[PDB]
Structures are given as structure tokens and as C-alpha cells.
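I have placed the structure first, in the form of C-alpha cells, so that the comments after it can refer back to it.
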Amino acid sequence: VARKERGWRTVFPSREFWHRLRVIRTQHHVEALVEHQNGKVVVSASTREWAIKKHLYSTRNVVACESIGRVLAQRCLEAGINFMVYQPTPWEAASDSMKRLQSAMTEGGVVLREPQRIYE
Amino acid sequence: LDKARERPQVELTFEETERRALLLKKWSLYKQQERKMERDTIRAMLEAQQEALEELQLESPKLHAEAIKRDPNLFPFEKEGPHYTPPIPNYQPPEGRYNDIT
Amino acid sequence: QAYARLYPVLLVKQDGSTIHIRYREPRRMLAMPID
Amino acid sequence: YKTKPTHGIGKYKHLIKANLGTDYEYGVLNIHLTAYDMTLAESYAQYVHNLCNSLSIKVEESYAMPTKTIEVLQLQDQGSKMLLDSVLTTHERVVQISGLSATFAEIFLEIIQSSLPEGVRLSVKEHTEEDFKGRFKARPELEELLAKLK
Amino acid sequence: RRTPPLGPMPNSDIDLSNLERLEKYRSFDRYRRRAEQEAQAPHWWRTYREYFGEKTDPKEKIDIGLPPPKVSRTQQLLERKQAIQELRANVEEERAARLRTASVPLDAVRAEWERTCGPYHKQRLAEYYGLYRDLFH
Amino acid sequence: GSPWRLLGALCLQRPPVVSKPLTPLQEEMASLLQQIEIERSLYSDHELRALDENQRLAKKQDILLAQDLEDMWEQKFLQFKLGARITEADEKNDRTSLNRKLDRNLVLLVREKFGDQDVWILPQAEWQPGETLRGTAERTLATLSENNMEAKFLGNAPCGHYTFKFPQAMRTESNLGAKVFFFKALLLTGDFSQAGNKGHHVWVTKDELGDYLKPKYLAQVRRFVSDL
RNA sequence: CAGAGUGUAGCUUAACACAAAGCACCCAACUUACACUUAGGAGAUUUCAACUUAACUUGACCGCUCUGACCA
């Protein structure tokens with residue numbers, strides 16, 4: 001029932017969401033971040049943390065993307081957040097690593113389609 | 001356009017794939033030092049070139065005017081690549097003729 | 001995308017110098033003639 | 001708004017731009033990389049294109065001309081008839097360079113001559129008198145040019 | 001009538017004399033990176049965050065937690081840098097990485113997080129839920 | 001004018017006539033590059049004839065077979081001879097002849113008697129009014145003993161400098177010392193005579209250039225000479 | 001050889017700790033080529049001590065810069 005931030009139809013990305021998934025791919029690390037519309041961040045899964053480093057070969061591969069995808073899936077499940085939104089660019093959406101990361105959301109139980117706001 | 005020209009695709013063995021990635025992962029670094037020895041040798045002369053210019057600047061101003069001056073006799077230049085073996089001083093091939101197709 | 005099988009062949013120049021070159025035929029040695 | 005101190009914050013085209021050499025630098029220089037191996041010709045042309053970008057000098061354009069092939073006739077042994085022996089093809093790779101300083105000229109020339117591959121020929125020349133500059137021009141470039149002369 | 005700006009212009013620092021000499025963005029991602037790094041920077045004009053973003057008091061948040069544990073960074077770094085060296089040494093681990101078939105134990109990594117980054121993430125999440133604003137004032 | 005005397009120098013350089021020896025890593029380059037060829041390339045006309053000849057023979061008018069043409073062409077390989085990369089100079093280490101170290105570059109050095117001691121240095125010449133430093137380099141080539149070569153000249157700016165002071169012997173107020181400027185040049189063709197070879201000039205590479213040059217002089221020299 | 005200055009892979013007023021980070025840089029795929037994009041690999045706190053976190057505060061040592069010394 002909470003109103004979503006509609007508008008911004010002339011700029012990218014749009015802001016009609018409650019919780020958004022942001023994935024940052026740097027030269028050495030890939031950062032998966034989930035945050036609210038207003039700016040507050042709820043949970044994060046970065047390869048910099050030592051917890052997953054002991055078990056992953058590299059922090060900049062598809063294996064790393066699957067590693068943090070399942071980590072984020074378990075973190076979102078235990079944080080109470082089930083619905084989210086993902087707004088990627090055409091090239092990263094076509095990247096093979098990203099699609100398998102979306103597969104982690106499906107097997108993890110995270111849905112990337114926020115329910116529509118009930119106006120009436 | 002003839003399909004009889006097509007060659008069958010030979011299966012690539014798994015162990016052979018291993019040595020492909022191993023040489024690829026070493027090709028990238030091998031070329032990196034190749035660029036690394038390149039990047040230092042251009043700047044090595046570049047700083048040595050400038051200090052010579054500035055030392056000549058204190059030596060004489062008139063020489064500097066004609067030192068940085070463009071030489072119009074330059075750039076008809078031509079350089080051909082090296083050869084597998086040095087040319088034979090005494091070698092006379094038989095007669096022949098050429099033709100051009102356009 | 002479409003090209004033939006280029007064998008490792010050699011060319012001998014006018015002065016006798018030799019360079020590497022790819023050719024359609026298995027003629028691994030070649031010395032061009034005096035015009 | 002014009003009156004408000006934040007006037008002109010949306011100005012964007014002032015960062016966007018609206019051969020005879022100088023007395024210190026060269027106007028236009030072109031290098032020619034001929035070879036009987038197409039792979040070597042383009043590989044070196046790609047090599048010099050990447051290196052010249054590293055040295056931060058402006059590149060005009062790299063294109064291709066119709067490739068010329070030459071055949072070789074060989075005199076038959078104990079005879080006087082020319083017979084087909086081999087057919088060769090020379091491939092020319094050209095990259096146009098403008099804005100190379102006189103001081104850096106010697107360093108640039110020494111690199112491509114030291115890194116010159118097997119069986120390829122390089123040449124440095126001006127190629128300026130034939131610069132007809134007759135290039136097909138796009139629509140927005142025509143509009144500003146036509147407004148300039150109007 | 002004109003009024004001088006109250007602060008530096010967004011594009012005043014960029015020289016326009018050598019605009020063609022200056023390197024370009026040449027890609028959408030690089031401009032986007034500069035876009036939202038500069039978006040969060042404070043400005044002297046009216047911004048979206050001024051009216052919509054939540055406002056925090058100038059006073060720093062008071063911490064009533066236990067003093068942070070003290071660890072030896074050099075020794076920890078040495079163990080961590082050698083740990084992945086042997087990990088990268090195994091071909092079998094390297095074979096899985098290149099084949100995109102490697103996996104990690106989710107239960108084991110979660111336990112390590114609870115001791116390394118668990119307290120910080122929980123505090124960060126609890127602040128979002130409004131626990132610190134309602135109770136403890 | 002100034003107590004620092006000015007001299008113009010030339011560093012004669014001859015590019016290798018043959019390519020450098022290939023690193024065994026680069027052996028794996030061509031081996032795989034050819035390996036990705038026949039795995040991706042289609043049948044050539046040579047292979048098409050070979051397959052047709054083999055197929056017809058199994059079923060059963062070409063006098064010359066594809067295998068036979070390989071034999072005669074391979075037989076012709078044993079007939080001719082290639083130029084020897086390693087020459088007599090390489091075996092003898094003739095640091096004066098052209099046929100030594102064909103794979104790598106070579107730089108000339110000359111003997112000069114300064115301070116009652118011979119010093120291995122590059123050719124030099126005193127600067128004079130009305131003449132460019134490159135003209136001094138051309139004059140330096142002329143002053144060479146019984147020389148006949150043409151040198152390709154690139155640029156005008158100096159390629160380096162070296163300052164040396166007198167050992168408190170000739171050091172005076174009017175003449176404190178001399179500084180020298182090096183200019184790179186390209187050798188197309190030409191050679192010295194046979195009258196003087198050992199006591200006139202020596203040709204070496206960058207690796208062994210330190211044996212003949214002074215440690216201070218070599219340090220300035222190595223900042224613009226390469227080993228590519 | 002002496003007297004001053006300096007020290008994170010190339011750069012960075014990156015490093016509160018949870019952690020040695022960002023960019024530049026190299027290879028392969030597309031392209032004549034560049035560039036964009038996809039997929040890869042290479043990296044650093046100069047070394048020893050100081051109640052101890054300590055690249056970070058203090059020493060010694062080591063490595064570079066400048067000036068004198070030596071100088072064909």
C-alpha cells in the first residue's frame with residue numbers, strides 16, 4: 001500500500017520501487033547491494049569480506065557472481081525481504097554471469113518483481 | 001561455395017583445453033612485460049631527450065632555435081623488414097616476367 | 001571466415017634474402033626470377 | 001532563470017567543439033605497411049594504431065585500398081618460354097597521422113623501425129598535395145555549415 | 001540583470017582551450033559513474049535530497065557499545081595472502097574456476113561472517129528498520 | 001664565451017639484417033596458431049586433389065600425385081642452401097666486421113687519446129659558428145679515417161649529453177671543460193677500409209657496451225640506446 | 001665519498017575497520033582498425049626493532065631525488 005516514487009520517465013533508471021538490487025562490478029571485486037528507495041541499505045554481499053574468500057578461487061569471475069548470489073539469496077531470506085527489483089543496462093543484462101546470478105535468486109527464493117501498489 | 005571443401009570438426013580433448021588456458025594465461029602476462037619493457041624505454045629516452053635539449057638551451061640559444069627546427073629533408077623514408085637469412089652475395093635466379101591483375 | 005589452408009612457405013628475394021610467407025600450395029621454397 | 005545565480009547551469013554545447021603544418025610540428029603524416037602476408041600487414045597496423053593511441057597523438061583514419069596482386073613467370077629449363085610459376089599479392093596498410101612534434105619524430109621513427117616485423121616495408125611521407133578532402137558529410141554538419149555561409 | 005553564482009560552476013574546472021585534446025567519456029558507464037558520484041556531493045542550489053532525503057542532526061550518533069576488539073593487521077594479512085596462494089596453487093580449484101562450476105558452502109561462510117562482518121551488517125540493518133530511532137531515542 | 005666547451009657527436013647504428021631468435025614461448029605461438037588454422041580452415045585444392053586421388057585408387061589418370069609433389073618439393077629442399085645466420089665472425093667474435101651478431105643491433109666505437117690515455121668513445125667534433133650540430137655530425141663522418149658510408153639522419157634534437165671535467169690539469173677559467181651531445185643515425189650501406197681495423201673502430205652490442213665505455217659515460221649512453 | 005629531502009604495483013589527501021581500495025595498464029572475442037562491449041590473467045605497503053593497532057608515531061637499515069666530493 002505504500003506509494004512508490006513514480007516519475008523520472010525522462011532519465012534512467014526509474015524509481016518506482018520499494019527495494020532495489022544494485023550490482024557493482026569493479027576491476028578486482030564485484031559488489032552486490034540491496035537498498036531501499038530512500039537510500040538506506042539493508043544488506044550487502046561483497047567479495048571483500050573474508051567469509052567467502054576462503055572458499056572462492058577469484059573475486060572477479062562467474063563463480064564469484066554465483067558465490068555472492070547465493071550469499072545474497074540467503075541474506076535476503078533471513079532478513080525478511082522477498083520481493084525486489086532489478087534494472088540493468090542491456091549489455092550487463094546480456095552477460096552470462098548475470099543470468100546465472102538471477103538463477104541464484106530463483107533457487108534462493110528471491111523474486112525480482114515487486115507487487116503492484118493497491119490504490120483502491 | 002562447394003560444400004565438399006568443409007572439413008569435419010575434430011573433438012578437442014579436455015587435457016588439450018587445459019594447456020590452451022595455461023598458455024593463454026601466460027600469453028597475457030608475457031605481453032604485459034613486453035609492453036612494460038616498451039613503456040620504460042620510450043620514457044627513458046624521452047627524459048634523456050629533454051635534458052639534452054635543456055642543457056643545449058643553457059649552452060647556446062641560437063643552437064636551440066635550429067635544433068627544434070623542422071628538417072624539410074625528412075620523411076621520404078622507407079624501411080623494409082628483416083629476413084630469415086642474410087642475402088647471398090652471389091645468387092642469379094633464372095629469367096622471368098611479371099604481370100598485374102586488377 | 002572463409003579461407004584456404006596456407007602452408008608455411010619461403011620466398012627468396014632478388015639478393016637472396018629469405019622471408020616467411022603463407023601460400024595456397026605446398027611449395028615451401030621459392031626464388032623469384034630475374035626480370 | 002537568467003536573473004537567478006544558477007543561470008546557465010544547463011549549458012552543454014560549450015564543452016563540445018562547434019593540412020598545413022606549423023613551425024614546430026608537422027601537418028599530416030602517413031605510414032604505408034606493404035606485405036605479401038595479409039595477417040602480418042594488419043597485425044602491425046593494429047600494433048601501431050594501439051601504440052600511437054598510447055602516446056596521445058591524434059589519428060585521422062585508417063582504411064584500405066584495392067589490393068594489388070602480381071604473378072610470377074619462370075623461364076623453363078633449356079628453353080625460351082615464360083611459364084606460370086607463382087602468384088603473389090601485396091597488401092598495403094595505411095594509418096593517417098596528424099600532429100606529431102618534431103622533437104618526438106626521432107623517437108617515433110626509431111620504434112616502428114626497431115619493431116618492424118618480418119617481410120614488411122614501412123615508409124614515412126607527407127601525402128598532402130593530394131588531400132582533396134572530398135569526404136561525404138552528414139546532415140547536422142551540413143546544417144551548421146550552411147548556416148555559417150548564410 | 002545578472003547575479004553572480006554563490007559557488008563554483010559544475011563545469012568551471014574543465015579547460016575549454018584544449019577541449020579536443022582532453023580525453024572523452026567514450027562510453028555510457030564512465031559518464032554514469034561520474035554522474036552518481038557527483039550526484040551525492042553537496043551543492044549550494046536546491047537539490048532533490050534537500051526536500052525528499054531524510055535529514056540527520058549535526059551531532060554524531062552516540063555509541064554505547066563495547067570497545068572494538070583489537071587484532072594484528074599484519075599477521076592477519078600474512079595469513080590471508082598465503083591462504084589464497086595455496087588456494088590458487090591447486091589445479092583442481094583452478095579448473096573449477098575456469099569452468100564456472102565451482103561452489104562454496106553457504107553454511108560455513110555464514111558462520112565466518114557472523115564473527116567478521118556480522119555485527120556491522122546487523123547494526124546497519126537495524127538502523128534501517130528504525131530500532132535505534134524508536135528505542136534509545 | 002663560456003668555459004664549457006661544446007662538441008657534437010654521432011652514434012652510428014646498424015639495424016639487424018635478420019630477426020632475433022625466437023623465445024621457446026613464441027614457438028608455442030606459431031605451433032598453436034597453425035593448430036587453430038587447420039582446425040578452422042577448409043580443404044585446400046592440394047588436399048582436394050589428394051583426397052580424390054586416394055578415393056579413385058581405392059575404387060580402382062593423374063600421373064603426378066599430391067604425395068609425389070611433396071616429395072620432389074621436399075627433395076628440392078635438400079638441393080638448395082639457406083644463408084647461415086651464424087657466420088665466421090660469430091665464431092671468431094670479430095667485433096669489427098658486418099657479419100657478427102646479425103640478430104641484434106650494433107653500435108660503433110672509436111679510439112681517442114685524451115689525457116695521455118686511450119678512451120673508447122663515440123666519434124666527436126668541435127662546434128663552430130654558422131653550422132648546425134647535425135652538420136658537425138656529417139663533418140664527424142668525413143673526419144673518419146678512410147670511411148665511405150651514408151647515414152640516414154632523423155630529427156634534429158640531440159639524443160643525449162655527457163659532461164666531463166678536466167682532472168685539474170687543463171682546467172682553467174676560460175676553459176673549465178667540454179660537454180658533448182649525441183645524435184642518432186641510421187646506417188644504410190658502407191664500410192671502412194682494411195688499412196686499419198683493430199686500432200680504428202669496434203662494433204659491439206648494448207650488452208657488452210659496458211666493457212668498453214666508462215661507467216659514467218655508459219650510464220648516459222644507456223639512457224637512449226635500446227636492445228630491441 | 002660526504003650534507004639535506006623522500007619512500008603503497010603507474011597515479012591517488014585510498015585505507016575508520018569489517019578491509020590492503022579505485023582508476024589507469026595487458027591478453028582473447030567483434031572490427032581493416034580504433035572505440036564500445038563480453039570473457040580472462042598480472043600486480044604493491046623496502047627490511048628489522050620500539051608497552052601495541054601501527055603503510056600511518058619514533059629509531060636503525062635499505063631504496064630513490066637534490067647539492068657538494070671524485071672527474072677524460
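FYI the Cβ positions are ideal-geometry reconstructions off the backbone, even for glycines, and counts take in every protein chain you see. We did not get these values from a lab; they are worked out from the coordinates using the rules stated.
Condition (residue is aliphatic (A, V, I, L, M), more than 14 Å from chain C (Cβ to nearest Cβ) and at negative phi) applied to the stretch B:81-95: is it met by at least one residue?
Within the stretch B:81-95, the first condition is being aliphatic (A, V, I, L, M), and the residues that meet it are B:88.
Subsequent filtering for residues that are more than 14 Å from chain C (Cβ to nearest Cβ) retains none.
Taking every residue of the stretch B:81-95 in turn, none turns out to be aliphatic (A, V, I, L, M), more than 14 Å from chain C (Cβ to nearest Cβ) and at negative phi.
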Task: Unique match (being touching a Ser or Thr at 6+ places or on another chain (Cβ under 6 Å) and at the interface with another protein chain (Cβ under 7 Å from one of its Cβ atoms)) among D:106, D:118 - done: D:118
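Every residue, every condition in (1) assigned to a helix (DSSP H, G or I); (2) touching a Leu at 6+ places or on another chain (Cβ under 7 Å); (3) more than 12 Å from RNA strand G (Cβ to nearest atom), yes or no:
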{"site": "E:43", "(1), (2), (3)": "no, no, yes"}
{"site": "E:50", "(1), (2), (3)": "yes, no, yes"}
{"site": "E:59", "(1), (2), (3)": "no, no, yes"}
{"site": "E:62", "(1), (2), (3)": "no, no, yes"}
{"site": "E:69", "(1), (2), (3)": "no, no, no"}
{"site": "E:79", "(1), (2), (3)": "yes, no, no"}
{"site": "E:88", "(1), (2), (3)": "yes, no, no"}
{"site": "E:122", "(1), (2), (3)": "yes, no, no"}
{"site": "E:126", "(1), (2), (3)": "yes, no, yes"}
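When the residues of the stretch F:151-204 are filtered to those that are within 14 Å of chain D (Cβ to nearest Cβ) and among the charged types (D, E, K, R), which remaining residue is nearest to RNA strand G (Cβ to nearest atom)? Walk me through it before giving the result.
Kept after step one, since they are within 14 Å of chain D (Cβ to nearest Cβ), are these residues of the stretch F:151-204: F:151-160, F:181-188.
Filter again for among the charged types (D, E, K, R), leaving F:152, F:184.
On the way: F:152: 25, F:184: 17 Å.
Filtering the stretch F:151-204 for residues that are within 14 Å of chain D (Cβ to nearest Cβ) and among the charged types (D, E, K, R), the one nearest to RNA strand G (Cβ to nearest atom) comes out as F:184.
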- [ ] Give the residue that is nearest to the other protein chains (Cβ to nearest Cβ), with candidates limited to residues of the stretch E:36-75 that are among the hydrophobic types (A, V, I, L, M, F, W, C) and surrounded by 11 or more Cβ atoms within 10 Å (Cβ to Cβ).
- [x] E:45
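For residues that are loosely packed, with under 12 Cβ neighbours inside 10 Å and within 11 Å of another protein chain (Cβ to nearest Cβ), scanning just the stretch F:56-71, find the one that is nearest to the chain's Cα centre (by Cα). Spell out the reasoning first.
If we filter the stretch F:56-71 for residues that are loosely packed, with under 12 Cβ neighbours inside 10 Å, which is where we start, we get F:56-64, F:67, F:71.
Okay, now just the ones that are also within 11 Å of another protein chain (Cβ to nearest Cβ), so F:67, F:71.
Numbers: F:67: 42, F:71: 39 Å.
By that ranking, first place goes to F:71.
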Task: Within the stretch A:1-94, helices (runs of 4 or more DSSP H) holding 1 or more residues that are surrounded by 15 or more Cβ atoms within 10 Å (Cβ to Cβ) and more than 12 Å from RNA strand G (Cβ to nearest atom) - done: A:62-79
Open item on the list: With the structure loaded, tell me whether residue B:36 is within 14 Å of chain C (Cβ to nearest Cβ) and out of contact with any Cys (no Cβ under 6 Å at 6 or more places or on another chain) or whether it fails that test.
Closed with: no
- [ ] Kindly indicate which of F:125, F:169 is among the hydrophobic types (A, V, I, L, M, F, W, C) and under 30 Å from residue D:104 (Cα atoms).
- [x] F:125
- [ ] Could you tell me whether the stretch F:38-49 includes any residue that is farther than 26 Å from residue C:18 by Cα and more than 10 Å from every other protein chain (Cβ to nearest Cβ)?
- [x] yes
- [ ] Report yes if residue E:92 is in a helix (DSSP H, G or I), at negative phi and surrounded by 10 or more Cβ atoms within 10 Å (Cβ to Cβ), otherwise no.
- [x] no
TODO: Name every residue in the stretch F:1-37 that is under 21 Å from residue F:158 (Cα atoms) and either under 31 Å from the mean Cα position of the chain (by Cα) or within 9 Å of chain C (Cβ to nearest Cβ) (or both), in order of residue number.
DONE: F:6, F:7, F:8, F:9, F:10, F:11, F:12, F:13, F:14, F:15
- [ ] Quick one: in the stretch B:17-31, of everything that is surrounded by 10 or more Cβ atoms within 10 Å (Cβ to Cβ) and over 17 Å from residue E:97 (Cα atoms), which residue is farthest from RNA strand G (Cβ to nearest atom)?
- [x] B:30
Open item on the list: I'd like to check something: does the stretch E:11-31 contain any residue that is away from chain D (no Cβ under 12 Å), within 16 Å of RNA strand G (Cβ to nearest atom) and in a loop (DSSP other than H, G, I, E, B)?
Closed with: yes
Open item on the list: Here is a check on your reading of the model: is residue F:93 surrounded by fewer than 13 Cβ atoms within 10 Å (Cβ to Cβ), within 30 Å of residue B:81 (Cα to Cα) and polar (S, T, N, Q)?
Closed with: yes
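Scan the stretch F:183-206 and give yes if some residue there is more than 22 Å from the chain's Cα centre (by Cα) and surrounded by 15 or more Cβ atoms within 10 Å (Cβ to Cβ), otherwise no. Explain how you work it out, then say what you get.
Kept after step one, since they are more than 22 Å from the chain's Cα centre (by Cα), are these residues of the stretch F:183-206: F:195.
The next check asks that each one be surrounded by 15 or more Cβ atoms within 10 Å (Cβ to Cβ); those that pass are none.
Looking for residues that are more than 22 Å from the chain's Cα centre (by Cα) and surrounded by 15 or more Cβ atoms within 10 Å (Cβ to Cβ), one finds none in the stretch F:183-206, hence no.
Residue-by-condition table, conditions (1) farther than 30 Å from residue C:28 by Cα; (2) loosely packed, with under 12 Cβ neighbours inside 10 Å:
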{"position": "D:77", "(1), (2)": "no, yes"}
{"position": "D:81", "(1), (2)": "no, yes"}
{"position": "D:106", "(1), (2)": "yes, no"}
{"position": "D:110", "(1), (2)": "yes, no"}
{"position": "D:120", "(1), (2)": "no, no"}
{"position": "D:124", "(1), (2)": "yes, no"}
{"position": "D:129", "(1), (2)": "yes, yes"}
{"position": "D:132", "(1), (2)": "yes, yes"}
{"position": "D:141", "(1), (2)": "yes, yes"}
TODO: Grab the strands (runs of 3 or more DSSP E) fully contained in the stretch D:1-95, keeping just those with 2 or more residues being of a type in the set (A, V, I, L, M, F, W, C), touching an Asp or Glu at 6+ places or on another chain (Cβ under 9 Å) and within 16 Å of RNA strand G (Cβ to nearest atom).
DONE: D:29-35
Open item on the list: Testing residue A:101 on (1) in a helix (DSSP H, G or I); (2) away from RNA strand G (no atom under 12 Å from the Cβ); (3) surrounded by 15 or more Cβ atoms within 10 Å (Cβ to Cβ), one condition comes back false. Which one is that?
Closed with: (2)
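What tally of residues in the stretch D:56-75 results from selecting those that are of a type in the set (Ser, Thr, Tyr), loosely packed, with under 14 Cβ neighbours inside 10 Å and within 12 Å of the chain's Cα centre (by Cα)? Give the steps one after another, and end with the answer.
Pass one, the stretch D:56-75, residues of a type in the set (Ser, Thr, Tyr): D:56, D:62-63, D:67, D:69.
With the extra rule that they be loosely packed, with under 14 Cβ neighbours inside 10 Å, the set shrinks to D:56, D:63, D:67.
Then keep just the ones that are within 12 Å of the chain's Cα centre (by Cα); that gives D:63.
Residues that pass the stated criteria total 1.
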Open item on the list: Pull out all pairs, ordered by first then second residue, where Cβ-Cβ is under 9 Å, the residues are six or more apart or on different chains, the first lies in the stretch E:118-137 and is over 18 Å from residue A:76 (Cα atoms), and the second is part of a helix (DSSP H, G or I) and within 15 Å of RNA strand G (Cβ to nearest atom).
Closed with: E:132/E:123; E:132/E:126; E:133/E:127
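Every residue, every condition in (1) surrounded by 11 or more Cβ atoms within 10 Å (Cβ to Cβ); (2) touching a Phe, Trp or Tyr at 6+ places or on another chain (Cβ under 7 Å); (3) within 10 Å of another protein chain (Cβ to nearest Cβ); (4) of a type in the set (A, V, I, L, M), yes or no:
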site: D:5; (1), (2), (3), (4): yes, no, yes, no
site: D:17; (1), (2), (3), (4): no, no, yes, no
site: D:26; (1), (2), (3), (4): yes, no, yes, no
site: D:29; (1), (2), (3), (4): yes, yes, yes, yes
site: D:40; (1), (2), (3), (4): yes, no, yes, yes
site: D:44; (1), (2), (3), (4): yes, no, yes, no
site: D:49; (1), (2), (3), (4): yes, no, no, no
site: D:54; (1), (2), (3), (4): yes, no, yes, no
Task: Residue count for the stretch F:211-228, restricted to those that are under 23 Å from residue F:179 (Cβ atoms) and exposed (fewer than 15 other Cβ atoms within 10 Å of the Cβ) - done: 3
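For residue F:117, are the conditions met, namely being within 16 Å of RNA strand G (Cβ to nearest atom), under 23 Å from the mean Cα position of the chain (by Cα) and polar (S, T, N, Q)? Reasoning before the result, please.
Details: within 16 Å of RNA strand G (Cβ to nearest atom): yes; under 23 Å from the mean Cα position of the chain (by Cα): no; polar (S, T, N, Q): yes.
So residue F:117 does not fit the description; no.
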Open item on the list: With the requirement that a residue be within 7 Å of chain A (Cβ to nearest Cβ), among the basic types (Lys, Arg) and either buried (at least 17 other Cβ atoms within 10 Å of the Cβ) or more than 17 Å from the chain's Cα centre (by Cα) (or both), what does the stretch E:100-125 give you?
Closed with: E:100, E:110
TODO: Kindly provide the set of residues from the stretch B:79-102 that are in contact with a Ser or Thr (Cβ under 6 Å, 6 or more places away or on another chain) and either of a type in the set (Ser, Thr, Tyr) or surrounded by fewer than 18 Cβ atoms within 10 Å (Cβ to Cβ) (or both), ordered by number.
DONE: B:84, B:85, B:87, B:101
